[PDB]
Structure formats: structure tokens, C-alpha cells
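What follows is a single chain, given as C-alpha cells, in the form deposited in one PDB entry.
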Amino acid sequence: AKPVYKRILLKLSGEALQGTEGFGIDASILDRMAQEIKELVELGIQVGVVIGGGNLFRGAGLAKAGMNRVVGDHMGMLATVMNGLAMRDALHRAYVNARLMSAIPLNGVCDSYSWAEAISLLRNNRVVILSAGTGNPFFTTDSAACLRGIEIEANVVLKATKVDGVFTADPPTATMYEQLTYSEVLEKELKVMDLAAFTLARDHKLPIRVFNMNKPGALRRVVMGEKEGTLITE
């Protein structure tokens, strides 16, 4: 029983790093993720990680309050660097080789995203954390996850949510799909990331796997080709 993927693009939503308070970053979750990612690295799986920032700031949210949307999005991107920073540290303290890259240059703190460098790091079994998403306002980290996934030629984009997967509707009667095609998602107007991102993933045939990052072992199951979450291909 060997893993089913060689290189993956793990997308961690920012809310996944929140404690009970539903804000900031929660050490315990980060520490557990480091252990789960550690296991994948040992399993020979190359891991690229795109991290969210919504647990701190959402540009759109700041804009409604009156702020210029672009500055709000810059803050949001910065927030992802903060999460990337905390995640990288959790990885290092777990003795996992990891490099934090940023689409927005932040000398000293981490390194600027570099495709060539990124590929070289992955081939050398370094966990590469991609922060600041796409580097542009008006986008989400989901778009960065798909863009970076395509860029590093990941076998799949693993979207870690707080739910088991894709449901017929936000789960009383709602059931969970095990597999879907981009066509069926759109057709039924199912909820799987932002349209710009999904569309991007579709046009490039980047398969997506929606799974629950709170269910311990879920991540491992997904890479081991075991029944877990929903697969989106076609």
C-alpha cells in the first residue's frame, strides 16, 4: 500500500488554523498539521502548500468597512504570509525541511516565490509553503492553489476544508459526493472554491480533492488512495 500521488498542492484555508475563539492562529492545530505533513514527506510525497489568510483578514471584508479594496487585499495577502510563517515554524520544530516563499517579496522573513527554486526544493523533498497567494488583489488563495498547483505540476490540489467534502448543499438532508466532474459542479452550481480558481483548475485539468483537515488521518487517507472526501476531475 503505497501513496497514490507524488507531488501535491495542499491548500490550507486560513480558518483551519483558528482556535475556539475563531481568530488568530492556534498552536495545537499547526502542530498537528506539521505531524501530518511530516508523514507525507517521509512517504516520499512532494508537498507544496498554499495557505489562506481569512483567519486574520479578508480584503473584501475590509473594503465593506470603507478601506480601499486593493489595500485590503494587500493586508489579506500579508495575513497569508503570517500563517505561512507560523506553519513553516511548526514544520521546522517538527524537524521537517521547509521553505516559505512569498509572491510578494519580503526580504529576510522568507524567500520570494520562484518557480525554478520551488521545483528544485520539491525534488529535494523540501516542503514548499507558498504565501501571498497570487500576489494580486481581487483573487483568493484558492486561485493561487490552482495556479501554483498547475505551475509545479502537482498531481492534485487537496483543498482542506472543515467538511468531509462536497455536499448537495451545505450540510440537514445534504449528502456527500465521492466524485464529480467540473461540468457537474458548475451544472448543479455546487460549492467548490471560487469560480476563477475552479475554472482555472478545469481549463488545465487539475484534479481537485475536497477533504476534511480536522479529521485526523484524512490527509494520509487521501494520499493513500483511500475513500475520503470528494474527487473532482474530468
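Sequential numbering from 1, following the sequence displayed. Rigid core: the largest C-alpha set superposing within 1.5 Å between the two forms.
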Select one of none, 1 to 3, 4 to 9, or 10 or more to describe the deposited residues without coordinates separating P171 and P172. 1 to 3
Given 157-165 and 93-101, the range whose Cα B-factors average higher in the PDB entry: 157-165
Determine, for stretches 114-122 and 69-77, which one has the higher mean CA B-factor as deposited. 114-122
Which one, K38, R58, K191, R32, has the peak C-alpha temperature factor per the PDB entry? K191
Grab the CA temperature factor for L9 from the record and place it in the lowest, middle or highest third of its chain. lowest
Mind checking which third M87 falls in for C-alpha B-factor across the chain? lowest
Looking at the entry's B-factor column for C-alpha atoms only, identify whether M176 ranks in the lowest, middle or highest third of its chain. highest
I208: CA temperature factor from the record, placed by chain third, in the middle
Ranked against its chain, the third holding the CA B-factor of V47: lowest
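There is also a form deposited in another entry; it is not shown, and the following applies to it.
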Across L43, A196, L186, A63, the single C-alpha shifting 2 angstroms or more between the shown form and the other one with the core held fixed is at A63
